[PDB]
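Enquirer: Can you read through this structure? Questions will come right after.
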Amino acid sequence: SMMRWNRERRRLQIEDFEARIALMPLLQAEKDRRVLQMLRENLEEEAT
Amino acid sequence: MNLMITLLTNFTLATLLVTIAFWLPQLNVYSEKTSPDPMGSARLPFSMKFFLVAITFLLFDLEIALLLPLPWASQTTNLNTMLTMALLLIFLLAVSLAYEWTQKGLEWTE
Amino acid sequence: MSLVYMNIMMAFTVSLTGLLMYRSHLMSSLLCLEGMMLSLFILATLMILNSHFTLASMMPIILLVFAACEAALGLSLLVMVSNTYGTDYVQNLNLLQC
Amino acid sequence: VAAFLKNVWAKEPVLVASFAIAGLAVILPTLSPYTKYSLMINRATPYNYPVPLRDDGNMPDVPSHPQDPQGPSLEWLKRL
Amino acid sequence: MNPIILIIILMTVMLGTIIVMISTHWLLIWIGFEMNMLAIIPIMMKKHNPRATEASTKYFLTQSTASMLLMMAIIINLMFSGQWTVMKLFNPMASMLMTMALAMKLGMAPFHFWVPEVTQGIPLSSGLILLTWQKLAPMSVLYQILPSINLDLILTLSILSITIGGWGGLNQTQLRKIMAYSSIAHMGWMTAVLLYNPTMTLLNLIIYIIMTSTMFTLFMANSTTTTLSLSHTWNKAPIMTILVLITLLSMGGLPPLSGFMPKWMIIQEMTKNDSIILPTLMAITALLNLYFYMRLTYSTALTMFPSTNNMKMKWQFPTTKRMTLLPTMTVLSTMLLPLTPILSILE
Amino acid sequence: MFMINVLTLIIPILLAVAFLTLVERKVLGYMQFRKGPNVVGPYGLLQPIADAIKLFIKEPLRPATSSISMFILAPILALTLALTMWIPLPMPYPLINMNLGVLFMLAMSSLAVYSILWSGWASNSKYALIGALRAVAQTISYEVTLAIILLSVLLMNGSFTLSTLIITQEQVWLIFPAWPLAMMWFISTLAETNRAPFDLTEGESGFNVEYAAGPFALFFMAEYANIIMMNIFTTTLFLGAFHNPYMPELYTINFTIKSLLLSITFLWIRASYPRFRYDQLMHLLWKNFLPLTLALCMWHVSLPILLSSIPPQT
Amino acid sequence: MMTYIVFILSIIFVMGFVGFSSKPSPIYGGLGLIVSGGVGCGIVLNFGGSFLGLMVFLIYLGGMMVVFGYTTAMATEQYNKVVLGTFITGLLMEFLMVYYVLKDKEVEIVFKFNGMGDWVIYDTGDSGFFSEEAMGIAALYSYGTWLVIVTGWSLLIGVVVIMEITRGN
Amino acid sequence: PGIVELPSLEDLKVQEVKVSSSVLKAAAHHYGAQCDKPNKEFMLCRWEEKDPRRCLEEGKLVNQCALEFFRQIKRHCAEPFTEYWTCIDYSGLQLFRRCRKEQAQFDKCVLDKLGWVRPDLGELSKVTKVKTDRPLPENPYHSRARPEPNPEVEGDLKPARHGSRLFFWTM
Ligand SMILES: CCCCCCCCCCCCCCCCCC(=O)OC[C@H](COP(=O)([O-])OC[C@H](O)COP(=O)([O-])OC[C@H](COC(=O)CCCCCCCCCCCCCCCCC)OC(=O)CCCCCCCCCCCCCCCCC)OC(=O)CCCCCCCCCCCCCCCCC
Ligand SMILES: CCCCCCCCCCCCCCCCCC(=O)OC[C@H](COP(=O)([O-])OCC[N+](C)(C)C)OC(=O)CCCCCCCCCCCCCCCCC
Ligand SMILES: CCCCCCCCCCCCCCCCCC(=O)OC[C@H](COP(=O)(O)OCCN)OC(=O)CCCCCCCCCCCCCCCCC
Ligand SMILES: CCCCCCCCCCCCCCCCCC(=O)OC[C@H](COP(=O)(O)OCCN)OC(=O)CCCCCCCCCCCCCCCCC
Ligand SMILES: CCCCCCCCCCCCCCCCCC(=O)OC[C@H](COP(=O)(O)OCCN)OC(=O)CCCCCCCCCCCCCCCCC
Ligand SMILES: CCCCCCCCCCCCCCCCCC(=O)OC[C@H](COP(=O)(O)OCCN)OC(=O)CCCCCCCCCCCCCCCCC
Ligand SMILES: CCCCCCCCCCC1=C(C)C(=O)C(OC)=C(OC)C1=O
């Protein structure tokens, strides 16, 4: 029973990880624009 | 943060109950008591065997500390090496127990 | 550098000077020695977690285990001293002056 | 080899069970047909991002899309 | 001790030193020192008397303190370099702490104060291990970190070791304390040439290990731990007086013996680097070592102290002790100076 | 709102410990062919209240302590640890959902011997100190098989997360692949809480006999909180219930019934056996439970590999 | 103030060491080292070292200081100015360190130390579906073969060593 | 040293994908199936340039292609998708295994009305190849020239001239 159920749990883990993989480019683009937004705000306030 | 709040609540409730248990019956005025043990005044004789079982605990606890990342280590892709080193650590804990046996270390607290 | 490293190094030096200035007990010396080890554990841990150096995350556990085995050995030596004199006083360990 | 074994099973069944279970744990993964699938499942688990390859022009085994035929498959895991 | 357990524990001492010698990661250096200390503690408590427990306690405390300072030097190296390669250190504070820790492990002055105690408290075989084999691992670490060692610190430790090991042995009658102060002086000579030519450091270490192994093997073969029992050797075994004579004249560095070989080579490398005062004062200070060596040779070989009557019983029994490599070590510690250019094999 | 959740954890702990004393006296009554308390309340339901009010106005025993500070700290530490063992317990949702809740509980239960040790040294009785050293040596001995059995079970879980242990047991109870681990685990939890047949603090002095009726009652209620907690943890660990995420009270009723039956099984074991001699439970640990525990730890390492049943990390 | 919290724990950490380094008695010193281990564990936990902090509890505190207090309670039979003076000396030196590095945001005892809160040195990303520290400790069985061999051999030899030296024969 | 070169706040303006993580996770397999090409162009550019400032426009393409993904869900299959991500959204771990019938209805509705096939187990974790027009960076680490190595050994090994030359030894 643990054999069948842990193999199902590994398949469900792979399904969750591929949902994560399919979402990582959007999150990476948003993260890049996020950190460049914050660095530009820090640069402008350092300038003033 | 919620953990620190919960620890502070548990510690505060414990300290409050200990303060109540040490100071609620102090309010009574019962009586002063003069009150003038199996050993009378003999100094505590040292047991080598209690120290040996505590040190055996400490060494097997270090071997347990080595064994603790196994539910994570089973996820590796070098599984033959992982299984070999896991069986080798549990086998060395077993060899430690066997040597503790055969030199009469587990005796009179067996 | 970072501010927490100041306190962990100062803790190592405080446990050093406690370990380098005995009062009477050998157990207090072993406690200062294990305080030195604990501060080494904390300092190694804060560096390795800060640097995201993944393979050295097993390093402080190793630094624990050996040194705790070391502590076990020290306790055993203390007990043998305590089984000769009744106390673990460091002034009893002076026979090797002559 | 048989009288000693019945002797130690009569005297010390805890230790006979201990050495027997330990011997099975040692020898049985080398005799199991499913030890290969443990390795294959641990390498099929995508913790990292599948960083794509620059198409030089000559890579017939690398797909252009996840739903393409070429590439590593997991039919064996869904079926077993 | 169980002889199997003795074999496994001595292999673990050797395993710790070899792990120090072959590893490229500082954690495995620290692990080799921990394994070495942990395994050598039962060798010191082989006879189970309070002097062995006192000596093992003092040895444990000094080596444990040095191990903690070693790990702090390693951790500061990881701070200022982000890596673990057993090479030069990337901070003068980590370099100072590692040089102090290795000076504590070697027992170089002013961290010498455990060496004549512990060697006195333990048997002759464990004292032989402590004064020969326990030098190899810290001298290997000093060999590999010499682009970071402060010159002033290493030469201060060297001259303080040579002077204190010279004056310490002049007041002794116990043979193990004589060999311990001889150890302190010779480790001063080894570390004084480390930043100039470490091949001469290896040469001095090898010739010292040969001569110390010869003297401890003679002391084990004659069962003598004091000067005045060593002086009974001529009436028991007259060849051993000749052997302790030539080996003690070698350890003082008198030509044409081989113990003249290292220190001369050390001077040969310290005058190339325009240091003249320092090896001259070192060589003049080594006359103290030679003085108490001459004291032992006057007690043992060149005169005949009065013996006892029961010595006549021991005349009827030959030595059954395995005097392992004693003719080989005696020949190597005396007649090796015509082969002085063999030292290039240590480059 | 979180403070309300902490109070609704820890005040029902104290109430359940209060009425566990009544349940123990009643069940030990009927197993001994007598009744338990049925005079003080209706069916004896006011016996814990009456006993709490009696103990909290009893005269302080007033010992001469070797240390006042550790004599104060040992009940504080006992109650604090006995209340913090509950916060990662998934029933069905923990108060504190932490990734390493199993190792957290193993650590906070390993810290519980300091209350025994500090109370033994803080008393001036040398025989109380000897009893404290025996109790500490017993507890740290059985912690070894706690840690190794617990590791061998969590090799089927995938993580140290306690809430994952419900997901692990959705198809079958984990007592089916691990009943030898379950039975050595259960006797090891019986020996952790100094519970009969391992209660040598009542076998012929306890470590906490110099405390007054109030502080000894606090030690006693920390001990019964540990008992209920370890039964809940054993229930979560081997008898994991069905969990509908839209109806969490089904899991709460189910683990509550199983944990009650396991606590009554503690009560029913103390109504059945004589005590071990001290060396005999040392023999039980070091020469019986620990070799089987190491052998089954090798088996539960190698078994998910040889069957391709390695649980997921997440 | 809460942005300095790890720093605050570290102050208590140093205070705890001035607890046992002054050496009041080995049992109060044991208690001070226990409190120091708990707050240093909190320092470890607030960088993301969950497993290492629980090793501080389970193995350092619950494993080793148990044996220290156990061995200590079998000695120093149950019932100073130098301790009190050493404690106030260490405390005043530590609060002068705190005062300097807070008034200046920089200090130099041996190394230069910033006086900002130690949150500033962190990383601004995610580690995905794993703790990096958990996977680095899991690598002990896959990448750390020599380290496992020498550690387990040292523990076996340590068992042999304790049984040889505690026998007296 | 030099001045860091940051893009302006106008260069960072884009129409964001303002949906929650259960909306994204419920649509994740069809998003990886449909929006493959600008995503993999962006991530190839992101692992090759090692600089987010050099990867902005491709990132905008990601943020342009996700929205056209969701609009085409909103134009056709808004209600089975809404029920499905609501059922995903209830779970504290957002399990896929709790929500298989709402998933089946959403997959049925998308497969009928848009023809999109949900990827099988293994497909989204494949390493794909990406055809680009931007050049490969010749120095992504911005590294300077390495130092020249030491001169090697060459030639036959002759004996030592007159031996060791150690003070008087002729060999
Ligand atoms: C066709 C195929 C076959 C062809 C076969 C051809 C040969 C046929 C004959 C077979 C026999 C050949 C024997 C070796 C060749 C001759 C070597 C030689 O004399 O070198 C001259 C060597 C340098 O003189 P040279 O005029 O420049 O060279 C003439 C040749 O060209 C020398 O040639 P080289 O310049 O190329 O020599 C290289 C270099 C040349 O030397 C140098 O570059 C100068 C440095 C030499 C070492 C200086 C060390 C200073 C500090 C230590 C002082 C030692 C204490 C004195 C002795 C104490 C008591 C033993 O030698 C060394 O560095 C080796 C060290 C010295 C060993 C010489 C051979 C000894 C073998 C027998 C040993 C028996 C014990 C002897 C005494 C032990 C001490 C040596 O003379 C010395 O250094 C004077 C010291 C005495 C040397 C040993 C004499 C060997 C014969 C002894 C027989 C009587 C033994 C009595 C019982 C035992 C003693 C109580
Ligand atoms: C979690 C829910 C509950 C779990 C179950 C527990 C419920 C029952 C509890 C009953 C009350 C117990 C009170 C305390 C009892 C203490 C005494 C006691 O039992 O001591 C333990 C006893 C001790 O025995 P002993 O001490 O009497 O035996 C004598 C031993 N010598 C000779 C050394 C003196 O037994 C054990 O240690 C066994 C522990 C469990 C073993 C489980 C083995 C499973 C099977 C393995 C495989 C076997 C076949 C071989 C391989 C085949 C491979 C294909
Ligand atoms: C190879 C696989 C890995 C093996 C190593 C790992 C094992 C896991 C379990 C760990 C056990 C650790 C402790 C072992 C100690 C063994 C020595 C021992 O106990 O000897 C003493 C004992 C007699 O006991 P006694 O001294 O009298 O004590 C009082 C109780 N009567 O003497 C005995 O009882 C004799 C014990 C030896 C005989 C046991 C035979 C069991 C055979 C099972 C089938 C074969 C299994 C394959 C492995 C090979 C086993 C030889
Ligand atoms: C760059 C260098 C790298 C490294 C190169 C190699 C370095 C080698 C360093 C050698 C260190 C030797 C340490 C001592 C030996 C270790 C084993 C031991 O303990 O032997 C003593 C042993 C004990 O027997 P026991 O019965 O206890 O004796 C007391 C009386 N009952 O037995 C006895 O007591 C028997 C009596 C005689 C023992 C003589 C042992 C001599 C060993 C050293 C030989 C010389 C060094 C090798 C050659 C030069 C290498 C540099
Ligand atoms: C402003 C006015 C109030 C002032 C402060 C007082 C606060 C409230 C205190 C409780 C109520 C006051 C009265 C107390 C009981 C008095 C009556 C009594 O004793 O009745 C006896 C009756 C049983 O009769 P019995 O004599 O036992 O006969 C044996 C059977 N053949 O006994 C019974 O039937 C049962 C009696 C139960 C007593 C009350 C219940 C216990 C107390 C609960 C509150 C306090 C504790 C809270 C929880 C503590 C922690 C567990
Ligand atoms: C004698 C003194 C008094 C004695 C009585 C009171 C003390 C003893 C009883 C209480 C013990 C306190 C234990 C505190 C730490 C416990 C370990 C821990 O934090 O584990 C939980 C969790 C780790 O799991 P994980 O999910 O990976 O982390 C969150 C990531 N999402 O990690 C987290 O959730 C991290 C949360 C933030 C960090 C919390 C730091 C706590 C404060 C420092 C330690 C306090 C205790 C110091 C004294 C110890 C005992 C002397
Ligand atoms: C905060 C206080 C809550 C109430 C106190 C705990 C609940 C009542 C337990 C009473 C009790 C019983 C029945 C009891 O039988 C007993 O003796 C073994 C005790 O220890 C002294 C008790 O404390």
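Neighbour counts run over all protein chains shown; Cβ positions are idealised from the backbone, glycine included. Values in this text are rule-based calculations from the coordinates and carry no lab data.
Enquirer: When all alpha-carbon pairs of region E:52-118 are counted, what percent fall beyond 20 Å?
Expert: The calculated P(r) of region E:52-118 puts 33 percent of pairs beyond 20 Å.
Enquirer: Using the Karplus equation 6.51 cos²θ - 1.76 cosθ + 1.60 (θ = phi - 60°), what ³J(HN,Hα) coupling, rounded to whole Hz, does each residue of region H:44-61 give in order, writing x for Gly and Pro?
Expert: Per residue, the Karplus-derived 3J(HN,Hα) values read 5, 5, 7, 7, 9, 7, 6, 8, x, 5, 7, 10, 6, 5, 4, x, 4, 4 Hz.
Enquirer: Let me ask something else. Mind checking the mean number of beta-carbon atoms from other chains within 10 Å of the Cβ atoms in B:102-110?
Expert: 6
Enquirer: Moving on. If I take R0 = 41 Å and measure r between the Cβ atoms of H:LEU9 and D:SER73 in this structure, what FRET efficiency does the formula 1/(1 + (r/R0)^6) give, to the nearest 0.05?
Expert: Computed FRET efficiency for H:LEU9 and D:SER73 comes out at 0.35.
Enquirer: Please list the three semi-axes, largest first and in whole Å, of the ellipsoid equivalent to the protein assembly as shown, using sqrt of 5 times the eigenvalues of its alpha carbon gyration tensor.
Expert: Ellipsoid half-lengths, sorted descending, are 58, 45, 30 Å.
Enquirer: Rounded if a/c is under 1.5, else prolate if a/b is larger than b/c, else oblate: which is region C:1-86, with a ≥ b ≥ c the root eigenvalues of its Cα gyration tensor?
Expert: The shape class here is oblate.
Enquirer: In square nanometres, what is the average projected area of the Cα convex hull of chain D?
Expert: Value for chain D: 9.6 nm².
Enquirer: Here's something else I'd like to know. Output the relative contact order of region C:1-86, whole-number percent, from Cα pairs under 8 angstrom with separation of 6+ residues.
Expert: Here the relative contact order equals 27 percent.
Enquirer: Calculate the spin-label point distance for H:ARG161 paired with H:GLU16, positioning each point 7 Å from the Cα along the beta-carbon direction, and give it in nanometres.
Expert: 7.9
Enquirer: Sticking with this one: Once you have a ≥ b ≥ c as the square roots of the Cα gyration tensor eigenvalues for chain H, tell me rounded if a/c is under 1.5, and otherwise prolate or oblate according to whether a/b is larger than b/c.
Expert: prolate
Enquirer: If the label point is 7 Å along Cα→Cβ of F:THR265, which residues in region F:184-228 have backbone nitrogen under 18 Å from it?
Expert: Those under the cut-off are F:184-198, F:226-228.
Enquirer: Can you give the direction-averaged projected area of the convex hull of the alpha-carbon atoms in chain F, in nm²?
Expert: Computed as one quarter of the Cα hull surface, the answer is 17.8 nm².
Enquirer: How large is ³J(HN,Hα), in whole Hz, for each residue of region B:72-85 in order, when computed from phi with the Karplus curve 6.51 cos²θ - 1.76 cosθ + 1.60 and θ = phi - 60°, using x for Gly and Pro?
Expert: Per residue, the Karplus-derived 3J(HN,Hα) values read 8, 6, 5, 7, 6, 9, 9, 6, 5, 5, 4, 5, 5, 6 Hz.
Enquirer: According to the square roots a ≥ b ≥ c of the eigenvalues of the Cα gyration tensor, what is the shape class of chain B, taking rounded for a/c under 1.5, prolate for a/b larger than b/c otherwise, and oblate for the remainder?
Expert: Oblate.
Enquirer: Net charge near F:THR201: determine it from the other residues with C-beta under 11 Å of the C-beta of F:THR201, scoring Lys and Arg +1 and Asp and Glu -1.
Expert: Net of charged neighbours comes to -1.
Enquirer: Can you give the average number of partner chain beta-carbon atoms within 10 Å of each beta-carbon in peptide F:91-98, as a whole number?
Expert: 2
Enquirer: Give me the inter-chain shielding for E:35-48: mean count of other chain Cβ atoms within 10 Å, whole number please.
Expert: Mean partner-chain Cβ count within 10 Å for E:35-48: 5.
Enquirer: Here is a further query. For chain E, what value does the Rg/Rh ratio take when both radii are computed over Cα atoms and Rh is the Kirkwood radius, given to two decimals?
Expert: That ratio equals 0.97.
Enquirer: Using Cα-Cα distances under 8 Å and only pairs 6 or more residues apart, what relative contact order does chain E have, in percent?
Expert: 15
Enquirer: Given the DSSP H assignment, sum -39500 (n - 2.57) over each helix run of at least 4 residues in chain E and divide by its residue total; what's the result at 222 nm in deg cm²/dmol, nearest 500?
Expert: Rounded to the nearest 500, the figure is -22000 deg cm²/dmol.
Enquirer: May I pose another question? Could you please tell me the mean projected area of the C-alpha convex hull for region E:203-347, averaged over all directions and given in square nanometres to one decimal?
Expert: Computed as one quarter of the Cα hull surface, the answer is 9.5 nm².
Enquirer: For chain B, what is the calculated [θ] at 222 nm in deg cm²/dmol (nearest 500), taking -39500 (n - 2.57) for each run of four or more DSSP H residues and dividing by its residue count?
Expert: -21500 deg cm²/dmol
Enquirer: Another question about this same structure. If we count every other residue with Cβ under 15 angstrom of F:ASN38's Cβ, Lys/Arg +1 and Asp/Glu -1, where does the sum land?
Expert: Around F:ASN38, the surrounding residues sum to +2.
Enquirer: Further question on the same structure: Cβ neighbours within 10 Å, averaged per peptide: list A:20-27, E:164-171, D:68-75 in order, most packed at the top.
Expert: Highest mean packing first, the order is A:20-27, E:164-171, D:68-75.
Enquirer: Also: Given a cut-off of under 8 Å on Cα pairs at least six residues apart, what relative contact order in percent is computed for region H:1-124?
Expert: 32
Enquirer: Take the residue pairs A:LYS31/D:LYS78; H:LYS13/H:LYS37; D:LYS36/D:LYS78; A:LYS31/H:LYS101 and return only those whose Cα atoms are more than 24 Å apart.
Expert: Beyond 24 Å: A:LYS31/D:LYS78; A:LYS31/H:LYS101.
Enquirer: Using unit Cβ charges (K, R positive; D, E negative) and no other charged atoms, how large, in debye to the nearest 20, is the dipole of the protein assembly as shown about its Cα centre?
Expert: For the protein assembly as shown, the charge dipole is close to 3220 debye.
Enquirer: Next question. Taking the Cα centre of chain B as the origin, how large is its charge dipole in debye, to the nearest 20, when only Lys and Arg (+1) and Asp and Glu (-1) carry charge on their Cβ atoms?
Expert: It comes to approximately 140 debye.
Enquirer: Can I ask one more? H:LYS129's amide H: which non-local residues (gap 5+, or another chain) put their own amide H closer than 5 Å, with H modeled 1.01 Å from N in plane and none for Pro or chain starts?
Expert: D:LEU53, D:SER64, D:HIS65
Enquirer: Can I ask one more? Please find the FRET efficiency linking B:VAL29 to B:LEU3, where r is the Cβ-Cβ separation and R0 is fixed at 45 Å, and quote it to the nearest 0.05.
Expert: According to the calculation, E is roughly 0.55.
Enquirer: Let me ask another. Starting with the highest mean, order F:55-67, B:58-70, E:251-263 by the number of other Cβ atoms within 10 Å, averaged over the residues of each peptide.
Expert: Taking the mean over residues of other Cβ atoms within 10 Å, the ranking is B:58-70, E:251-263, F:55-67.
Enquirer: Could you check the spin-label model distance between G:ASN169 and H:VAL117? Points 7 Å from the Cα along Cα→Cβ, value in nm.
Expert: Label-label distance for G:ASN169 and H:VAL117, simple model: 7.9 nm.
Enquirer: Kirkwood hydrodynamic radius (Cα pairs, Å) of region E:243-304?
Expert: 12.4
Enquirer: Shifting gears a bit: At a Förster radius of 35 Å, what calculated FRET efficiency corresponds to the Cβ-Cβ distance of E:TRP315 and E:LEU136, to the nearest 0.05?
Expert: The calculated FRET efficiency here is 0.30.
Enquirer: For a quick check: with amide H placed at 1.01 Å from N, whose amide H comes under 5 Å from E:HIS25's, ignoring anything fewer than 5 positions away on the same chain?
Expert: E:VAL86
Enquirer: Between A:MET3 and F:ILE11, how many nm apart are label points set 7 Å from Cα along the C-beta direction?
Expert: 5.2
Enquirer: Would you mind computing the Rg to Rh ratio of region F:126-256 from its alpha-carbon coordinates, Kirkwood style for Rh?
Expert: 1.06
Enquirer: Write down, largest first, the equivalent ellipsoid semi-axes of region E:94-218 in whole Å, where each equals the square root of 5 times an eigenvalue of the alpha-carbon gyration tensor.
Expert: For region E:94-218, the semi-axes come out at 23, 15, 13 Å.
Enquirer: Any idea what diffusion coefficient region F:32-77 gets from Stokes-Einstein, in µm²/s, Kirkwood Rh on alpha carbon pairs, 25 °C, 0.890 mPa s?
Expert: 180
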